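Architecture and fold: a report
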There are 4 protein chains.
Amino acid sequence: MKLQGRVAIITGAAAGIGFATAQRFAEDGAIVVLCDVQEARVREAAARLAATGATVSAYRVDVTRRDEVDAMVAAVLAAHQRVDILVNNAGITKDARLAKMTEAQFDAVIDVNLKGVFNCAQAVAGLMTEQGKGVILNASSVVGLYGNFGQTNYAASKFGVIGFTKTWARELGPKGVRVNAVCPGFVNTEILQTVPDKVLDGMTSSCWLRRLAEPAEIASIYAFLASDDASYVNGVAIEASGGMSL
Amino acid sequence: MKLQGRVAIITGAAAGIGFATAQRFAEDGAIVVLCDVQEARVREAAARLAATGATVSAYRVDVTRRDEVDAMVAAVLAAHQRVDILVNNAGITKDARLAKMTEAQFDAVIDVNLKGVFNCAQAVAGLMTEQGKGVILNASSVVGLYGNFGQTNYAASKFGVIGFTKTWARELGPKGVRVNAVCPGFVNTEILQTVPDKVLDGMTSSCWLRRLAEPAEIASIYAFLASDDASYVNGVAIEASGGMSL
Amino acid sequence: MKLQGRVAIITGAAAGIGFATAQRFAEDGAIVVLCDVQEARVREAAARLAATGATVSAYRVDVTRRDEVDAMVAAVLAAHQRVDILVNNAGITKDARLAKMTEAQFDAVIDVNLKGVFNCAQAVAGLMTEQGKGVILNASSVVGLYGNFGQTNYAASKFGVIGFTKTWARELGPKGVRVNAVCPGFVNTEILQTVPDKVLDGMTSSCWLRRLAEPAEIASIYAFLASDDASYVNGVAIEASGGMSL
Amino acid sequence: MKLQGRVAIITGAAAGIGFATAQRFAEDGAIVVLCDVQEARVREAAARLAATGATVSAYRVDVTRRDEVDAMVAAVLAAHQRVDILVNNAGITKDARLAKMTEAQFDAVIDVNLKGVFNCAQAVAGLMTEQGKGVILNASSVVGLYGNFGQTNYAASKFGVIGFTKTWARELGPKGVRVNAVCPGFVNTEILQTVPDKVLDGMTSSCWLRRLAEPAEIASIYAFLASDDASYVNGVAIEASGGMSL
């Protein structure tokens, strides 16, 4: 059990990729800390994992509020004495082409997807370098490699988290702390359930595996990167798109 | 005279690469609008170019203030009837290790370097698509490709502007408007005179041409990209580093 | 036991990363076919793994000779009924500055490192698409991302295998066959013992983890990519360098 | 006239991008040496440029025959005393999916597109470093960035020439010799004239400028890169695709 006893904080863990990652991490023996802006939902999520015998906890955290981030990290240290893994998965989209995008749409996405990631990483990175081991995993996107129509704000933020990744991999690597990113393509979470079938068909046609990912297939990449199997993987952004013509 | 009569707005034009770009664009026949937060200095810069016979103007613009950006664009239209080129060159650094970076250091760099670029591009893009031709050139950095120690905020921002570049190239290209980025390496501008020699030796040794760039050598890349010689170059980030090992 | 009963052909398996990969695959339950130009050595390597209880076999294969490749594939099918995984790890260097590189130095590296990879992949790809599942893993290098002094031929070949990877991921992905590459940095294999200390200090100082990899740390990446944990990873080249400034 | 008096060797110059580059270089004042495997056609091409008053010469060169390459370079030195620019543009395609590609198809493309480029660059690079200035420009492709169905051989070769580019930029940069690559997308040369319209429409739909390039639009990028406007551009592969979703 490759993450046995390791303490993992996962943001956006109430549902979607975040929840799938919490589940997989618990299966790999991690102590999992599920954080989400949605308090009731994340406590239900944690409750489902606790029933399996896993050691888990749940916190309401808005990652744009550094005081909430700090309070959670302090509570995790009080409870489990260390932080071994951070998965910066919480994100939002507010799509609009440049001609129509509002300042509020722009700001909201930069706040969660860049400032939020900065807040959580800054809050744990010192704990990790002090103990001489840790891993910070950042959620990017294929859009963070290639751009995408209507995603001025999202693309900037997901490119930007690769900037974080390479910078922190440089700063923290020498102290035994690895920093990597995952760049998912089209993943079959709740966000796609209202998308018209013909639109989904266009999406899957652009994928070289000709299908959407299940969230567990992104979780499994975070699990690899957290584990010692990725001990010489640092500063990378792994594309998890099945291959794409975006 | 490959830019003859074309109207170019350049931000951060009082000095450094911005001023060199204004100088080169004027040499190539462009009508140049020099914008900077340093009003007296950008006025003096414009005066030097006017003395050579160029058609120029000078505006105080804080790119984080959209009303100021909009007012400048309106004034340029009143004076010169159209906008053909935008060079988003204004940027700042507020360097710190992740461990030490303050919220103000982080927020300020995201504001100028991402929000400011968004503001200027959004302000001109409709003018350009309506007339069926235009070019937006974004200043990135080698740091926006590879990250860099102490530059959590700057690296996120310069990665992010490549996200803008690809996204806007997708949205605007079909309307005849190209969007590209330049990623300079180490440039001999005013910000380097105070830097220690052994730091500059490390800079030059990591460059495959074994020397710093002069600002004119970055200006000439912007001039190429603005010109019709780059008519099939869209969505790219051109590294202008002499080759390097950062 | 994530590769239990899966049949893996590994080229260059007598030593180095190839042998470490065979060892790890066997540890994960794979049936391993060790191939190398050094027959006695790869036989001894297989014997070490068989002593641990693994199901293994050992073949002399010069990957530049397609009849030898084909004969080995036919033998594997006769023995084990299918081929599930191919690791194209055999490669050579024949380093020289452009000024001095001989035709033989150039031709030989292209032959083993590109033609050999082509030969092995073509020999197994139809088996994999016919059965609806398979994975081909190609050995690249950080040199296949950034180039390197004295490696005109090697760099072309390791860039080229990423070209293969993306192309085959496009052709074979829709049939259920994934194709990926690994780009190792500096690995503590047998080829480094003779290397001067000050050359190795330059290697480690350019790595953001400030150490060389052990071969098992590259093997574990191949093991991940072969496994179902990488089921939505297709067409990628994963840098396995600890982060670096080459 | 930015290439005045500079001696430029261009391979594949009888038609297509090569001829367009010869024409543009002559317009920029270069002494142009047109090389092609097609002797009658390249002499006609040269004759057209000579009529404009340009200084030009024509040679039959098969770039896979080093003796022909060497003889041409010697003849150019005898005639013009130096070589300032090399454009490695000659290339071929022999497309087939991996399942069907023959050894001869593979070999032919590697021979022209990698060995040929090596031959020409090796033959001139010493002349350039000795005089302390030169530029070598390599023709890659968008396929050398992203791969493409049916192009195992072409993609490997055009990735591979970026490997050459980065390696030679490293080796030769310190001696004042720059090496860069251009990666064209879909260009309206003779090769596309038999392509069905509906197929061309698919191609242009995937282009963010929604049109094919004219060959002069690729020539203009080579002209920039050869000129002193690109004096701090070294080791780069410039995508000239209009933006693409390949």
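Residues numbered from 1 in each chain as written, not as in the entry; some residues may be left out. Chains lettered and ligands numbered in written order. Heavy atoms only, no water.

**Here we look at the overall build of chain A**
- Within chain A, the secondary structure is distributed over eight helices and seven strands.
- Over its C-alpha trace chain A gives a radius of gyration of 17 Å, about what one expects of a compact globule, namely 18 Å for 246 residues.
- Considered along the principal axes of its C-alpha atoms, chain A spans approximately 50 × 35 × 35 Å.
- Relative to its full complement of 246 residues, chain A shows a buried share of 66%.
- For chain A, the proportion of contacts with a sequence separation of at least 24, taken over those separated by at least 6, is 72%.
- Computing the positive centroid from 23 side-chain charges and the negative centroid from 24, chain A places the two 3 Å apart. (Helix = DSSP H or I, 4+ residues; strand = E, 2+ residues; numbered from the N terminus. Rg over C-alpha atoms; globule rule 2.2 N^0.38 Å. Buried < 20%, exposed > 50% of the residue type's maximum accessible area, 1.4 Å probe, protein only. Contact = heavy atoms within 4.5 Å. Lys, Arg positive; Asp, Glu negative; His and termini not counted. Charge placed at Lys NZ, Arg CZ, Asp CG, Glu CD.)

**Re the sheet that holds strand β4 (residues 85-88) of chain C**
All names here are of chain C.
- Here seven strands make up an open sheet; going across it, the order is β3-β2-β1-β4-β5-β6-β7 and the pairing parallel. Edge positions in the sheet fall to β3 (56-60) and β7 (237-240), since each has one partner strand and no second. Sheet twist, expressed as the mean angle between neighbouring strand axes with direction ignored, is 15°.
- Sheet topology note: the β4/strand β5 (residues 134-139) ladder contains four bridges and is parallel. Each residue of the ladder has a partner; that of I85, found in β5, is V135.
- Strand contacts of helix α4 (residues 103-131): β1 (7-11), β4, β5 and β6 (177-184), with the helix running at about 170° to β4, the strand carrying the most contacts.
- Together, β4, β5, β6 and β7 form the strand contacts of helix α8 (residues 216-226), whose direction differs from that of β6 by roughly 165°. (Pairing = 2+ DSSP bridges. Axes fitted to C-alpha atoms, helices over the stretch in contact; angles between N-to-C directions.)

**Some points on the interface of chain B and chain C**
- Contacts between the two partners involve four residues from chain B, matched on the other side by four residues from chain C.
- Between chain B and chain C, a total of about 270 Å² is buried, with carbon and sulfur atoms accounting for 56% of that surface.
- If you look at where chain B meets chain C, you find zero salt bridges.
- Linking chain B to chain C there are two residue pairs in polar contact.
- The residue inventory of the side of chain B that touches chain C, partitioned by class, reads three nonpolar, one polar and no charged. (Buried area = accessible area lost by both parts, 1.4 Å probe. Salt bridge = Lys/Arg side-chain N within 4 Å of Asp/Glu carboxyl O. Polar contact = N/O pair within 3.5 Å; in protein donor to acceptor, adjacent residues only side chain to side chain. Nonpolar A, V, L, I, M, F, W, Y, C, P; charged D, E, K, R; others polar.)

**A short note on the interface of chain B and chain A**
- If you look at the interface, chain B gives 38 residues, while chain A gives 36 residues.
- When chain B packs against chain A, the two sides together hide about 3,000 Å² of surface, and 65% of this comes from carbon and sulfur.
- At the boundary of chain B and chain A, one finds four salt bridges.
- With a shortest N-O distance of 2.9 Å, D107 of chain A and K115 of chain B are connected by a salt bridge.
- Between the two partners, chain B and chain A, sit 21 residue pairs in polar contact.
- Ranked by residue count, the leading element in the side of chain B that touches chain A is helix α6 (residues 152-172) of chain B, at 14 residues.
- When the residues that make up the side of chain B that touches chain A are grouped by side-chain class, the tally is 21 nonpolar, nine polar and eight charged.

**Focus on the packing of aromatic side chains**
- Applying the stated criterion to the full structure yields 14 aromatic pairs over all chains.
- With 4.7 Å between their ring centres and 10° between their planes, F164 of chain A and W168 of chain A make a pair best called stacked. Here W168 of chain A and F164 of chain A lie together in helix α6 (residues 152-172), a separation of four residues that amounts to about one turn.
- With relative accessibility at 0%, the residue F164 of chain A sits in the buried group.
- Their ring planes at 45° and their centres at 6.2 Å tell us that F164 of chain C and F106 of chain D sit as a pair that is tilted. (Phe/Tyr/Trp six-rings, centres within 6.5 Å; stacked < 30°, edge-to-face > 60°.)

**Quick word on the relation of the copies chain B and chain C**
- If you rotate chain B by 180° and push it 0.0 Å along the axis, it lands on chain C with an RMSD of 0.0 Å. On this basis, the relationship between the two copies can be described by a two-fold rotation axis. Considering only C-alpha atoms, the part of chain B nearest the rotation axis is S245 of chain B, at 2.6 Å. (Least-squares fit on C-alpha atoms.)

**Section: the UniProt feature "domain: Ketoreductase" (unreviewed entry) in chain A**
- As annotated in UniProt, the feature "domain: Ketoreductase" (unreviewed entry) corresponds to residues 6-185 of chain A in the numbering used here.
- As a span, residues 6-185 of chain A carries 52% helix and 19% strand, and end to end its C-alpha atoms are 28 Å apart. (UniProt positions renumbered as here; feature names shortened; annotations may be inferred.)

**So, the side chain of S241 of chain C**
- By the secondary structure assignment, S241 of chain C is in the segment after β7.
- A distance of 2.7 Å separates the side chain of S241 of chain C from the side chain of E239 of chain C, its partner in a polar contact.
- Of the polar contacts made by the side chain of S241 of chain C, one reaches the backbone nitrogen of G243 of chain C; its length is 3.0 Å.
- Leave out the neighbours within four places in its chain, and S241 of chain C touches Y232 of chain A together with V142, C183, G185 and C207 of chain C.

**Quick notes on the pairing of strand β5 (residues 134-139) of chain B**
All names here are of chain B.
- Burial runs high along β5: six of the six residues are buried.
- Burial along β5 is two-sided: the residues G134, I136 and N138 and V135, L137 and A139 are all buried.
- In this view, the connection linking strand β4 (residues 85-88) to its parallel neighbour β5 by way of helix α4 (residues 103-131) has right-handed handedness.
- Direction of pairing for β5 relative to strand β6 (residues 177-184): parallel, over a ladder of six bridges. Counted as the bridge partner of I136 is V179 from β6. (Right-handed = clockwise from strand over helix to strand, strands pointing away.)

**Description of the sheet that holds strand β1 (residues 7-11) of chain A**
All names here are of chain A.
- Within the open sheet, the seven strands sit side by side as β3-β2-β1-β4-β5-β6-β7. Their pairing is parallel. Bordering the open sheet on either side are β3 (56-60) and β7 (237-240), each of which pairs with just one other strand. Strand-to-strand twist in this sheet, taken as the mean axis angle between neighbours without regard to direction, amounts to 15°.
- The strands that helix α2 (residues 39-50) touches are β2 (31-36) and β3; relative to β3, the one it contacts most, it runs at about 175°.

**Some details on the pairing of strand β6 (residues 177-184) of chain D**
All names here are of chain D.
- Counted residue by residue, β6 has eight buried out of eight residues, so it is predominantly covered.
- Because side chains alternate across β6, one face comprises the buried residues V177, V179, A181 and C183, and the other comprises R178, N180, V182 and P184, equally buried.
- Both β6 and strand β7 (residues 237-240) contribute to a ladder of four bridges, which runs parallel. Each residue of the ladder has a partner; that of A181, found in β7, is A237.

**Remarks on the relation of the copies chain B and chain A**
- With an axial shift of 0.0 Å and an RMSD of 0.2 Å, the rotation relating chain B to chain A amounts to 179°.
- Of the residues that chain B buries at the interface, 95% are likewise interface residues in chain A, meaning the two copies contact each other through the same surface.

**Brief notes about the nonpolar core**
- By size, the foremost hydrophobic cluster in this structure holds 84 residues, and its most contacted members are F25 and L34 of chain A together with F25 and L34 of chain C.
- Grouped together as the second largest cluster of nonpolar side chains are 83 residues, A30, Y232 and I238 of chain B together with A223 of chain D included. (Core = buried A, V, L, I, M, F, W, Y, C linked by side-chain atoms within 4.5 Å.)

**What about helix α8 (residues 216-226) of chain D?**
- Most of α8 of chain D sits out of view: 10 of its 11 residues are buried.
- Of all the residues in α8 of chain D, the buried ones are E217, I218, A219, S220, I221, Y222, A223, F224, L225 and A226 of chain D.
- On the buried face of α8 of chain D, the contacting elements are α8 (216-226) of chain B together with α1 (16-27), β4 (85-88), β5 (134-139), β6 and β7 of chain D.

**Here we look at the state of the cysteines**
Residues and elements named next belong to chain C.
- Taken as a whole and assessed by the stated rule, the structure comprises zero disulfides over all chains.
- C183 supplies the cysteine sulfur nearest to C207, a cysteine that is in no disulfide, at a spacing of 15 Å.
- Classification of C207 as buried rests on a relative accessible area of 0%. (Disulfide = S-S within 2.5 Å.)

**Observations regarding the pattern of salt bridges**
- According to the stated counting rule, one finds 54 salt bridges over all chains in the structure shown.
- Here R82 of chain B ties to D84 of chain B by a salt bridge, and the two come within 2.9 Å at their closest N and O atoms.
- The partly exposed category is assigned to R82 of chain B, whose relative accessible area is 35%.
- Ionic pairing is found between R211 of chain D and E217 of chain D, a salt bridge with its closest N-O pair at 2.8 Å.
- Of the residues examined, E217 of chain D reaches a relative accessible area of 10% and is grouped as buried.

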